[PDB]
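Shown next: work-v1.cif, containing mmCIF, C-alpha atoms.
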```cif
data_coords
loop_
_atom_site.label_atom_id
_atom_site.label_comp_id
_atom_site.auth_asym_id
_atom_site.auth_seq_id
_atom_site.Cartn_x
_atom_site.Cartn_y
_atom_site.Cartn_z
CA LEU A 1 -19.83 -13.30 -4.63
CA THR A 2 -22.74 -11.69 -2.79
CA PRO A 3 -23.18 -7.88 -2.75
CA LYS A 4 -22.37 -5.96 0.41
CA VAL A 5 -24.78 -3.04 0.63
CA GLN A 6 -24.91 0.29 2.46
CA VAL A 7 -27.71 2.88 2.43
CA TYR A 8 -26.92 6.47 3.50
CA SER A 9 -27.74 10.10 2.69
CA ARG A 10 -25.37 12.65 1.18
CA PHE A 11 -25.94 15.03 4.09
CA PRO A 12 -27.00 14.23 7.66
CA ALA A 13 -30.77 14.23 7.18
CA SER A 14 -33.52 16.46 8.57
CA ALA A 15 -37.24 16.50 7.73
CA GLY A 16 -38.17 18.88 4.92
CA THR A 17 -34.53 19.46 3.93
CA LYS A 18 -33.36 18.54 0.44
CA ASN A 19 -30.85 15.71 0.27
CA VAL A 20 -29.70 12.72 -1.78
CA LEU A 21 -30.30 9.06 -0.93
CA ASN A 22 -27.49 6.67 -1.76
CA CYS A 23 -27.34 2.90 -2.11
CA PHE A 24 -23.89 1.40 -2.63
CA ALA A 25 -23.43 -2.27 -3.53
CA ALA A 26 -19.89 -3.66 -3.55
CA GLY A 27 -17.82 -6.83 -3.49
CA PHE A 28 -19.98 -8.76 -6.00
CA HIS A 29 -19.56 -11.05 -8.96
CA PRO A 30 -20.96 -11.53 -11.56
CA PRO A 31 -21.50 -7.83 -12.44
CA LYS A 32 -25.21 -8.12 -13.34
CA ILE A 33 -27.26 -6.63 -10.49
CA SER A 34 -30.52 -4.79 -9.82
CA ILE A 35 -30.43 -1.98 -7.26
CA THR A 36 -33.58 0.03 -6.58
CA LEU A 37 -34.16 2.91 -4.16
CA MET A 38 -37.58 2.66 -2.53
CA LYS A 39 -39.92 4.91 -0.51
CA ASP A 40 -42.81 3.26 1.36
CA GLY A 41 -42.44 0.18 -0.87
CA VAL A 42 -42.53 2.14 -4.17
CA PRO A 43 -39.46 2.89 -6.37
CA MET A 44 -38.17 6.42 -5.96
CA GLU A 45 -38.19 8.57 -9.10
CA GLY A 46 -35.12 10.31 -10.57
CA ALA A 47 -32.57 7.66 -9.57
CA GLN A 48 -29.15 8.03 -11.18
CA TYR A 49 -26.71 5.16 -11.68
CA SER A 50 -23.03 6.01 -11.35
CA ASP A 51 -20.70 4.29 -13.80
CA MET A 52 -20.02 0.73 -12.72
CA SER A 53 -16.52 0.22 -11.32
CA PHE A 54 -14.47 -2.45 -9.64
CA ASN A 55 -11.98 -2.46 -6.81
CA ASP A 56 -8.33 -3.56 -6.64
CA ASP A 57 -9.54 -7.10 -5.86
CA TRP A 58 -11.61 -7.18 -9.11
CA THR A 59 -14.99 -7.18 -7.28
CA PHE A 60 -17.71 -5.03 -8.80
CA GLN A 61 -19.47 -2.06 -7.28
CA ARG A 62 -22.30 0.29 -8.16
CA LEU A 63 -23.70 3.48 -6.60
CA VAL A 64 -27.30 4.55 -7.12
CA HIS A 65 -28.42 7.96 -5.89
CA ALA A 66 -31.64 9.98 -6.00
CA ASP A 67 -32.49 13.50 -4.94
CA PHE A 68 -35.11 13.46 -2.21
CA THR A 69 -36.57 15.33 0.71
CA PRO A 70 -36.92 12.88 3.62
CA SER A 71 -40.27 12.79 5.38
CA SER A 72 -40.77 11.72 8.98
CA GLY A 73 -43.78 9.65 7.95
CA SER A 74 -41.96 7.47 5.41
CA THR A 75 -39.48 4.57 5.24
CA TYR A 76 -36.69 4.42 2.70
CA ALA A 77 -34.75 1.38 1.54
CA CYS A 78 -32.64 -0.18 -1.18
CA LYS A 79 -33.81 -3.40 -2.84
CA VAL A 80 -31.06 -5.56 -4.34
CA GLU A 81 -31.39 -8.55 -6.65
CA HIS A 82 -28.38 -10.62 -7.63
CA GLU A 83 -27.82 -14.22 -8.81
CA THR A 84 -26.23 -15.08 -5.46
CA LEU A 85 -29.45 -14.19 -3.60
CA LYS A 86 -32.46 -16.53 -3.71
CA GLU A 87 -34.77 -13.60 -2.91
CA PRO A 88 -34.37 -9.80 -3.20
CA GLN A 89 -32.68 -8.24 -0.15
CA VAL A 90 -33.99 -4.98 1.28
CA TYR A 91 -31.63 -2.65 3.19
CA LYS A 92 -33.31 0.04 5.29
CA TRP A 93 -32.08 3.60 5.56
CA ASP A 94 -31.69 4.99 9.08
CA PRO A 95 -32.75 8.68 8.89
CA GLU A 96 -30.91 9.57 12.11
CA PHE A 97 -33.49 12.27 12.90
CA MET B 1 5.79 14.00 -0.76
CA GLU B 2 3.50 14.52 -3.75
CA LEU B 3 1.95 11.24 -4.92
CA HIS B 4 -0.31 10.91 -7.95
CA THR B 5 -1.89 7.95 -9.76
CA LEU B 6 -3.38 7.21 -13.17
CA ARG B 7 -5.42 4.02 -13.44
CA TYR B 8 -7.43 2.61 -16.31
CA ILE B 9 -9.87 -0.28 -15.84
CA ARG B 10 -12.11 -2.08 -18.31
CA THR B 11 -14.59 -4.91 -18.21
CA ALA B 12 -16.05 -7.13 -20.95
CA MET B 13 -19.12 -9.12 -19.89
CA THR B 14 -21.17 -11.88 -21.46
CA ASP B 15 -24.21 -10.95 -19.29
CA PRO B 16 -24.32 -7.25 -18.31
CA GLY B 17 -28.13 -7.33 -17.87
CA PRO B 18 -31.16 -5.97 -19.80
CA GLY B 19 -30.44 -2.70 -21.54
CA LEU B 20 -26.84 -2.47 -20.33
CA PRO B 21 -23.53 -2.25 -22.26
CA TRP B 22 -21.40 -5.41 -22.29
CA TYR B 23 -18.15 -3.37 -22.35
CA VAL B 24 -17.34 -0.54 -19.90
CA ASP B 25 -14.08 1.34 -19.69
CA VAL B 26 -13.10 4.08 -17.21
CA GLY B 27 -10.06 6.08 -16.09
CA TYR B 28 -9.08 7.58 -12.70
CA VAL B 29 -6.64 10.29 -11.62
CA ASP B 30 -5.82 10.15 -7.90
CA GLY B 31 -8.83 7.86 -7.57
CA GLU B 32 -11.25 10.33 -9.19
CA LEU B 33 -13.22 9.10 -12.22
CA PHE B 34 -12.41 11.36 -15.16
CA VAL B 35 -13.29 9.40 -18.38
CA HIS B 36 -15.90 6.80 -19.38
CA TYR B 37 -16.37 4.68 -22.53
CA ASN B 38 -18.92 1.95 -23.18
CA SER B 39 -19.87 -0.28 -26.11
CA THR B 40 -23.23 1.41 -26.65
CA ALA B 41 -22.04 5.04 -26.70
CA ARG B 42 -18.85 4.06 -28.57
CA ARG B 43 -16.98 7.12 -27.36
CA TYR B 44 -15.24 8.47 -24.29
CA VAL B 45 -16.99 11.21 -22.36
CA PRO B 46 -15.60 13.43 -19.56
CA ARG B 47 -16.54 12.76 -15.94
CA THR B 48 -14.80 15.77 -14.39
CA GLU B 49 -15.20 19.45 -15.24
CA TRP B 50 -11.41 19.89 -15.50
CA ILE B 51 -10.93 17.30 -18.26
CA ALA B 52 -14.02 18.64 -20.07
CA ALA B 53 -12.61 22.16 -19.88
CA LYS B 54 -8.97 21.46 -20.76
CA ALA B 55 -9.07 18.59 -23.29
CA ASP B 56 -9.78 19.40 -26.95
CA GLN B 57 -11.66 17.44 -29.61
CA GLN B 58 -8.46 15.76 -30.82
CA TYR B 59 -8.00 14.31 -27.32
CA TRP B 60 -11.54 12.87 -27.27
CA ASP B 61 -11.31 11.47 -30.79
CA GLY B 62 -7.89 9.91 -30.05
CA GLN B 63 -9.12 8.29 -26.82
CA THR B 64 -12.32 7.14 -28.55
CA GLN B 65 -10.19 5.33 -31.16
CA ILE B 66 -8.35 3.50 -28.37
CA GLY B 67 -11.61 2.61 -26.63
CA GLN B 68 -13.07 1.20 -29.84
CA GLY B 69 -9.88 -0.78 -30.43
CA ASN B 70 -9.92 -2.19 -26.90
CA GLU B 71 -13.63 -3.05 -27.14
CA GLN B 72 -12.91 -5.11 -30.24
CA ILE B 73 -9.98 -6.98 -28.72
CA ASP B 74 -11.79 -7.76 -25.46
CA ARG B 75 -14.76 -9.12 -27.39
CA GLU B 76 -12.27 -11.47 -29.05
CA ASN B 77 -10.64 -12.25 -25.69
CA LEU B 78 -13.96 -13.35 -24.13
CA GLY B 79 -14.31 -15.91 -26.93
CA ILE B 80 -10.70 -17.08 -26.72
CA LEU B 81 -10.91 -17.61 -22.98
CA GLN B 82 -14.25 -19.43 -23.04
CA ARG B 83 -12.70 -21.92 -25.49
CA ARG B 84 -9.52 -22.30 -23.44
CA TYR B 85 -11.62 -23.15 -20.35
CA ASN B 86 -13.90 -25.45 -22.41
CA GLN B 87 -16.93 -23.27 -21.46
CA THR B 88 -20.08 -22.43 -23.47
CA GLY B 89 -22.51 -19.69 -22.48
CA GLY B 90 -23.02 -18.78 -18.84
CA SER B 91 -21.74 -15.64 -17.20
CA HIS B 92 -18.09 -14.67 -17.86
CA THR B 93 -15.99 -11.50 -17.52
CA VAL B 94 -12.62 -10.19 -18.61
CA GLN B 95 -11.21 -7.32 -16.53
CA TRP B 96 -8.10 -5.19 -16.94
CA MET B 97 -6.38 -2.78 -14.62
CA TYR B 98 -3.27 -0.80 -15.54
CA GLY B 99 -1.51 2.46 -14.94
CA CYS B 100 1.26 4.35 -13.21
CA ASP B 101 2.08 6.11 -9.97
CA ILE B 102 4.40 9.11 -9.67
CA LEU B 103 6.13 10.55 -6.63
CA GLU B 104 7.52 14.11 -6.84
CA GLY B 105 6.85 13.84 -10.58
CA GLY B 106 8.92 10.66 -11.12
CA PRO B 107 7.51 7.14 -11.79
CA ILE B 108 7.46 4.72 -8.87
CA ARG B 109 5.10 2.05 -10.24
CA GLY B 110 3.74 0.72 -13.49
CA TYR B 111 1.38 -2.23 -13.73
CA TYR B 112 -0.73 -4.06 -16.29
CA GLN B 113 -2.98 -6.86 -15.05
CA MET B 114 -5.88 -9.03 -16.20
CA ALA B 115 -8.54 -11.12 -14.45
CA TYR B 116 -10.87 -13.76 -15.90
CA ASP B 117 -14.08 -14.49 -13.98
CA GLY B 118 -12.84 -12.35 -11.09
CA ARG B 119 -9.51 -14.20 -10.56
CA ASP B 120 -6.02 -13.03 -11.46
CA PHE B 121 -4.96 -14.26 -14.88
CA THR B 122 -1.82 -12.47 -16.07
CA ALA B 123 0.27 -9.52 -15.00
CA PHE B 124 3.25 -7.70 -16.48
CA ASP B 125 6.43 -7.85 -14.40
CA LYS B 126 8.16 -4.73 -15.69
CA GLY B 127 11.35 -5.48 -13.71
CA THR B 128 12.01 -8.83 -15.43
CA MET B 129 10.24 -7.81 -18.67
CA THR B 130 8.07 -10.96 -18.50
CA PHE B 131 4.38 -11.78 -18.00
CA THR B 132 3.20 -13.81 -14.99
CA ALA B 133 0.72 -16.66 -15.37
CA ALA B 134 -1.47 -16.72 -12.26
CA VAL B 135 -3.39 -19.78 -13.47
CA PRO B 136 -2.54 -22.64 -15.89
CA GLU B 137 -4.84 -21.21 -18.58
CA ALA B 138 -2.65 -18.07 -18.71
CA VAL B 139 0.50 -19.97 -19.72
CA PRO B 140 -0.39 -19.73 -23.47
CA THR B 141 -0.89 -15.96 -23.08
CA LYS B 142 2.48 -15.60 -21.32
CA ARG B 143 4.09 -17.59 -24.14
CA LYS B 144 2.42 -15.61 -26.94
CA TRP B 145 3.19 -12.23 -25.40
CA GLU B 146 6.81 -13.05 -24.52
CA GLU B 147 7.44 -14.45 -28.01
CA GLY B 148 5.87 -11.32 -29.54
CA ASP B 149 8.26 -8.98 -27.67
CA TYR B 150 5.43 -6.66 -26.55
CA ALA B 151 7.18 -5.95 -23.23
CA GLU B 152 9.28 -3.12 -24.72
CA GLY B 153 6.25 -1.16 -25.95
CA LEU B 154 4.31 -1.79 -22.73
CA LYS B 155 7.27 -0.65 -20.59
CA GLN B 156 7.46 2.53 -22.72
CA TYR B 157 3.75 3.23 -22.16
CA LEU B 158 4.02 2.63 -18.41
CA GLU B 159 7.24 4.62 -17.81
CA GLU B 160 6.88 7.41 -20.39
CA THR B 161 3.44 7.88 -21.97
CA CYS B 162 1.39 7.14 -18.84
CA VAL B 163 3.65 9.38 -16.74
CA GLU B 164 3.60 12.29 -19.20
CA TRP B 165 -0.20 12.18 -19.35
CA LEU B 166 -0.57 11.88 -15.56
CA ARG B 167 1.63 14.97 -15.13
CA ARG B 168 -0.62 16.84 -17.60
CA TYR B 169 -3.83 15.71 -15.89
CA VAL B 170 -2.59 16.72 -12.44
CA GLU B 171 -1.88 20.19 -13.90
CA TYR B 172 -5.35 20.36 -15.48
CA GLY B 173 -7.10 19.35 -12.24
CA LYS B 174 -4.58 20.72 -9.67
CA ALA B 175 -7.07 22.81 -7.66
CA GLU B 176 -9.80 20.13 -7.65
CA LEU B 177 -7.46 17.23 -6.81
CA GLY B 178 -5.83 19.22 -3.99
CA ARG B 179 -9.05 20.56 -2.43
CA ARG B 180 -10.30 19.75 1.06
CA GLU B 181 -13.94 19.25 1.99
CA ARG B 182 -14.80 18.90 5.69
CA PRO B 183 -17.07 16.05 6.85
CA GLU B 184 -20.41 16.80 8.47
CA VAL B 185 -20.53 14.35 11.36
CA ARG B 186 -23.49 12.99 13.25
CA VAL B 187 -23.64 10.68 16.24
CA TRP B 188 -26.78 8.63 16.58
CA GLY B 189 -27.82 5.88 18.98
CA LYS B 190 -30.31 3.02 18.95
CA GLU B 191 -31.04 0.52 21.72
CA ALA B 192 -32.28 -3.03 21.04
CA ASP B 193 -32.14 -6.31 23.01
CA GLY B 194 -30.25 -4.72 25.91
CA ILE B 195 -27.50 -3.23 23.66
CA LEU B 196 -26.99 0.52 22.96
CA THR B 197 -25.45 0.81 19.48
CA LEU B 198 -23.79 4.17 18.87
CA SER B 199 -23.08 5.32 15.34
CA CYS B 200 -20.62 7.95 14.16
CA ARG B 201 -21.23 8.95 10.54
CA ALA B 202 -19.06 11.34 8.51
CA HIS B 203 -20.75 12.82 5.44
CA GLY B 204 -19.18 14.53 2.47
CA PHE B 205 -15.42 14.52 2.97
CA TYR B 206 -12.62 14.87 0.46
CA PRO B 207 -10.02 13.48 0.11
CA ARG B 208 -10.98 9.84 0.65
CA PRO B 209 -8.63 8.83 3.55
CA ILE B 210 -10.11 9.27 7.01
CA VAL B 211 -9.83 7.81 10.50
CA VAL B 212 -13.00 7.56 12.59
CA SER B 213 -12.53 6.05 16.05
CA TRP B 214 -14.71 5.45 19.12
CA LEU B 215 -13.04 6.46 22.41
CA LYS B 216 -13.86 5.41 25.95
CA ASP B 217 -11.77 6.43 29.01
CA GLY B 218 -9.58 8.42 26.58
CA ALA B 219 -8.58 5.30 24.61
CA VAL B 220 -9.42 4.06 21.15
CA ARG B 221 -11.76 1.10 21.48
CA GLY B 222 -11.78 -1.37 18.57
CA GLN B 223 -13.57 -4.01 20.71
CA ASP B 224 -17.20 -4.24 19.56
CA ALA B 225 -16.44 -1.37 17.09
CA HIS B 226 -17.26 -1.89 13.40
CA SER B 227 -16.41 0.31 10.41
CA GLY B 228 -18.33 0.22 7.14
CA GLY B 229 -15.21 1.41 5.30
CA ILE B 230 -15.18 4.39 2.98
CA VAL B 231 -17.97 4.61 0.43
CA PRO B 232 -18.74 7.19 -2.30
CA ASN B 233 -21.36 9.92 -2.63
CA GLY B 234 -22.67 10.96 -6.07
CA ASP B 235 -20.55 14.11 -6.15
CA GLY B 236 -16.82 13.28 -5.72
CA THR B 237 -17.02 13.18 -1.90
CA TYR B 238 -17.06 10.24 0.50
CA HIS B 239 -18.95 8.77 3.45
CA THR B 240 -18.09 6.50 6.37
CA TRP B 241 -19.73 5.12 9.49
CA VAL B 242 -18.44 3.35 12.56
CA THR B 243 -20.56 1.74 15.27
CA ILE B 244 -19.81 0.54 18.77
CA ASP B 245 -21.97 -1.54 21.11
CA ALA B 246 -22.37 -0.21 24.66
CA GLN B 247 -24.37 -0.99 27.79
CA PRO B 248 -27.62 1.00 28.18
CA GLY B 249 -26.93 4.09 30.30
CA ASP B 250 -23.25 4.23 29.21
CA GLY B 251 -23.84 6.58 26.22
CA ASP B 252 -22.07 9.59 27.73
CA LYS B 253 -18.85 7.53 28.24
CA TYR B 254 -18.17 7.36 24.51
CA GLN B 255 -16.81 9.95 22.08
CA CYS B 256 -16.24 9.73 18.33
CA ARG B 257 -12.98 11.14 16.96
CA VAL B 258 -12.60 12.12 13.28
CA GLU B 259 -9.15 12.66 11.75
CA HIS B 260 -9.10 14.03 8.21
CA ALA B 261 -6.88 16.27 6.06
CA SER B 262 -9.57 19.01 6.15
CA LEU B 263 -9.42 19.20 9.98
CA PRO B 264 -6.35 20.83 11.57
CA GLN B 265 -7.32 19.21 14.85
CA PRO B 266 -9.41 16.03 15.10
CA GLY B 267 -13.15 16.49 15.45
CA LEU B 268 -14.72 15.15 18.65
CA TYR B 269 -18.43 14.28 18.83
CA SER B 270 -20.76 12.84 21.47
CA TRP B 271 -24.25 11.37 21.55
CA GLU B 272 -26.86 14.10 22.17
CA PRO B 273 -29.77 13.10 24.55
CA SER C 1 -4.20 8.45 -22.18
CA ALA C 2 -5.42 4.88 -22.34
CA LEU C 3 -3.29 2.19 -24.04
CA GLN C 4 -4.49 0.22 -27.05
CA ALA C 5 -4.06 -3.49 -26.25
CA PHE C 6 -1.09 -4.79 -28.22
CA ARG C 7 -2.39 -8.35 -28.85
CA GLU C 8 -5.30 -10.64 -27.90
CA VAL C 9 -4.72 -13.17 -25.09
#
```
Take the structure in this file and express it as structure tokens.
Amino acid sequence: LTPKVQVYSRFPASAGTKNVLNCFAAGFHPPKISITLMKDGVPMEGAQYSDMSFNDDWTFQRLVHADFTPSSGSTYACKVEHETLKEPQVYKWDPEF
Amino acid sequence: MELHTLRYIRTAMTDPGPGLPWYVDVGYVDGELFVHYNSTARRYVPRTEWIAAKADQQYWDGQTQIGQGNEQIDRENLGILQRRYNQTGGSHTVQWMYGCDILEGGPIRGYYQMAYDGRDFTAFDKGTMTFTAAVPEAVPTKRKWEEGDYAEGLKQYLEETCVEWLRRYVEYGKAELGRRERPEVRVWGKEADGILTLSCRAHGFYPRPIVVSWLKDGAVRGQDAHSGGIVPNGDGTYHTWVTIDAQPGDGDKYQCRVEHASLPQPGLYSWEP
Amino acid sequence: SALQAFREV
């Protein structure tokens, strides 16, 4: 079952203001998965991986989150690899500022 | 009416991935993660400040013993099930979910369920004191467990032990579980291909339930409106977003409404320039 | 408290 992925910040974002970038993958099976937060095509440092869980329907989910300060000049994304995907899938964060 | 829930889940995996534990085991009170065990650490650790503060070493050691016991049995179960399905290698998982719900302090639900490779396998039916076989391969498990008379002990756990502990946990974490955190909401718009997509995003709310609706002409508009559902932040709070597609130039006709326990009246938000 | 599984499948 393919992962369904959302990318969002803890707080509504503003340039130069400290925040947390989240990538949430859900609805997937098998549980093995690679989720990587990225800035300008480079992995973000300091990423933390919440305990893996699963929902009432047995499908697996994982949150990854990293402290960051969003910059206007940069693009942020989540790269996901899973057996159901022939190639890695990149999900872009919308800064909304 | 005061509702509370205690839920334990566990997973045993043949293929967790490089560096990762094959067995993971977590508990939830009112949907909030409070304990974690895995096969590498070989102990339970707290995941809320209230359980860390209020549980003593005997509690941790006692839970750790149960985790280690369950790890061992689920390792065995993975092997048993692979043989029953005539399977070697590949990716397989065993999952369990069980617990109890209380309403005004009294039990209203107790469940104990297993899945193999993501599909229902067996469940306890506490009312008939039997086990259900969801698939043909579960019929030998039903037989074994019914013949072994385990239903009495499981019923006692679900109606007594689980309930007594859930009452204790809700006391330990009463202030945290009952708190309210207000969402910070932002409306944002993007036009592409002749369509103005408006977004209403609610950041950082607790508790989890929320309603976020797009209005036009005073009326809730589910047509062309799409919710991402409710997703977690790192910190015990939640996030949601809802979009709606509009005609360019129609942005000021739409308003997002947010209904949440933290908000005595619904929040109303519009798209700024 | 968690429950120790009572028997293998």
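With atom CA of residue 94 of chain A on one side and atom CA of residue 192 of chain B on the other, the separation reads 14.4 Å.
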Across B:234, B:19, B:229, B:209, the smallest distance to chain A, with all atoms listed in the file counted, is shown by B:234
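Applied to the file shown here, the PyMOL selection byres ((chain A and resi 52) around 9) selects residues 31, 49, 50, 51, 53, 54, 60, 61, 62 and 63 of chain A; 24 and 26 of chain B.
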Exercise answer, chain A residues close to chain B, 9 Å and all atoms listed in the file, as an mmCIF file with C-alpha atoms, keeping the file's coordinate frame:
```cif
data_model
loop_
_atom_site.group_PDB
_atom_site.id
_atom_site.type_symbol
_atom_site.label_atom_id
_atom_site.label_comp_id
_atom_site.auth_asym_id
_atom_site.auth_seq_id
_atom_site.Cartn_x
_atom_site.Cartn_y
_atom_site.Cartn_z
ATOM 1 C CA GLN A 6 -24.910 0.290 2.460
ATOM 2 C CA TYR A 8 -26.920 6.470 3.500
ATOM 3 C CA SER A 9 -27.740 10.100 2.690
ATOM 4 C CA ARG A 10 -25.370 12.650 1.180
ATOM 5 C CA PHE A 11 -25.940 15.030 4.090
ATOM 6 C CA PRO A 12 -27.000 14.230 7.660
ATOM 7 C CA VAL A 20 -29.700 12.720 -1.780
ATOM 8 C CA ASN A 22 -27.490 6.670 -1.760
ATOM 9 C CA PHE A 24 -23.890 1.400 -2.630
ATOM 10 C CA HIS A 29 -19.560 -11.050 -8.960
ATOM 11 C CA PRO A 30 -20.960 -11.530 -11.560
ATOM 12 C CA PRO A 31 -21.500 -7.830 -12.440
ATOM 13 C CA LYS A 32 -25.210 -8.120 -13.340
ATOM 14 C CA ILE A 33 -27.260 -6.630 -10.490
ATOM 15 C CA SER A 34 -30.520 -4.790 -9.820
ATOM 16 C CA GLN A 48 -29.150 8.030 -11.180
ATOM 17 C CA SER A 50 -23.030 6.010 -11.350
ATOM 18 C CA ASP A 51 -20.700 4.290 -13.800
ATOM 19 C CA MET A 52 -20.020 0.730 -12.720
ATOM 20 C CA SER A 53 -16.520 0.220 -11.320
ATOM 21 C CA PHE A 54 -14.470 -2.450 -9.640
ATOM 22 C CA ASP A 56 -8.330 -3.560 -6.640
ATOM 23 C CA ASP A 57 -9.540 -7.100 -5.860
ATOM 24 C CA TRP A 58 -11.610 -7.180 -9.110
ATOM 25 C CA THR A 59 -14.990 -7.180 -7.280
ATOM 26 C CA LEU A 63 -23.700 3.480 -6.600
ATOM 27 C CA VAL A 64 -27.300 4.550 -7.120
ATOM 28 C CA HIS A 65 -28.420 7.960 -5.890
ATOM 29 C CA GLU A 96 -30.910 9.570 12.110
ATOM 30 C CA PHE A 97 -33.490 12.270 12.900
#
```
Name every residue that the PyMOL selection byres ((chain B) within 10 of (chain C)) selects in this structure, writing the answer as a PyMOL selection string with chains first and numbers rising. chain B and resi 6-9+25-27+35+59-60+62-78+80-81+98-99+114+122+138+140-145+148+150-151+153-154+157-158+161-166+169
Shell around segment 40-44 of chain A at 7 Å using only C-alpha atoms, local window under 6 positions removed, as a short mmCIF file (atom, residue, chain, number, x, y, z; two decimals) with C-alpha atoms, in the frame of the given file:
```cif
data_model
loop_
_atom_site.label_atom_id
_atom_site.label_comp_id
_atom_site.auth_asym_id
_atom_site.auth_seq_id
_atom_site.Cartn_x
_atom_site.Cartn_y
_atom_site.Cartn_z
CA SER A 74 -41.96 7.47 5.41
CA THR A 75 -39.48 4.57 5.24
CA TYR A 76 -36.69 4.42 2.70
#
```
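Here atom CA of residue 30 of chain B is placed at a distance of 21.9 Å from atom CA of residue 212 of chain B.
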Set the distance at 7 Å and use all atoms listed in the file: which residues neighbour residue 182 of chain B once local chain neighbours fewer than 3 positions away are removed? I'd like the list as a ChimeraX atom specification. /B:204-206,262-263
Since the input is missing atoms for chain C, could you rebuild it with N, CA and C atoms and give the result as a JSON list (two decimals), in the frame of the given file?
```json
[["chain", "number", "residue", "atom", "x", "y", "z"],
["C", 1, "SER", "N", -3.70, 9.20, -20.99],
["C", 1, "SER", "CA", -4.20, 8.45, -22.18],
["C", 1, "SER", "C", -4.31, 6.97, -21.86],
["C", 2, "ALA", "N", -5.34, 6.33, -22.40],
["C", 2, "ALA", "CA", -5.42, 4.88, -22.34],
["C", 2, "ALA", "C", -4.36, 4.27, -23.26],
["C", 3, "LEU", "N", -4.19, 2.94, -23.16],
["C", 3, "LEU", "CA", -3.29, 2.19, -24.04],
["C", 3, "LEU", "C", -4.12, 1.25, -24.89],
["C", 4, "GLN", "N", -3.89, 1.25, -26.21],
["C", 4, "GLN", "CA", -4.49, 0.22, -27.05],
["C", 4, "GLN", "C", -3.83, -1.13, -26.78],
["C", 5, "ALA", "N", -4.62, -2.16, -26.46],
["C", 5, "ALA", "CA", -4.06, -3.49, -26.25],
["C", 5, "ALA", "C", -3.24, -3.89, -27.48],
["C", 6, "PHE", "N", -2.11, -4.53, -27.21],
["C", 6, "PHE", "CA", -1.09, -4.79, -28.22],
["C", 6, "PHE", "C", -1.36, -6.11, -28.95],
["C", 7, "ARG", "N", -2.10, -7.03, -28.31],
["C", 7, "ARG", "CA", -2.39, -8.35, -28.85],
["C", 7, "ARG", "C", -3.52, -8.96, -28.04],
["C", 8, "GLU", "N", -4.32, -9.86, -28.64],
["C", 8, "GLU", "CA", -5.30, -10.64, -27.90],
["C", 8, "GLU", "C", -4.56, -11.62, -26.99],
["C", 9, "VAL", "N", -5.27, -12.17, -26.00],
["C", 9, "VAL", "CA", -4.72, -13.17, -25.09],
["C", 9, "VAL", "C", -4.40, -14.52, -25.78]]
```
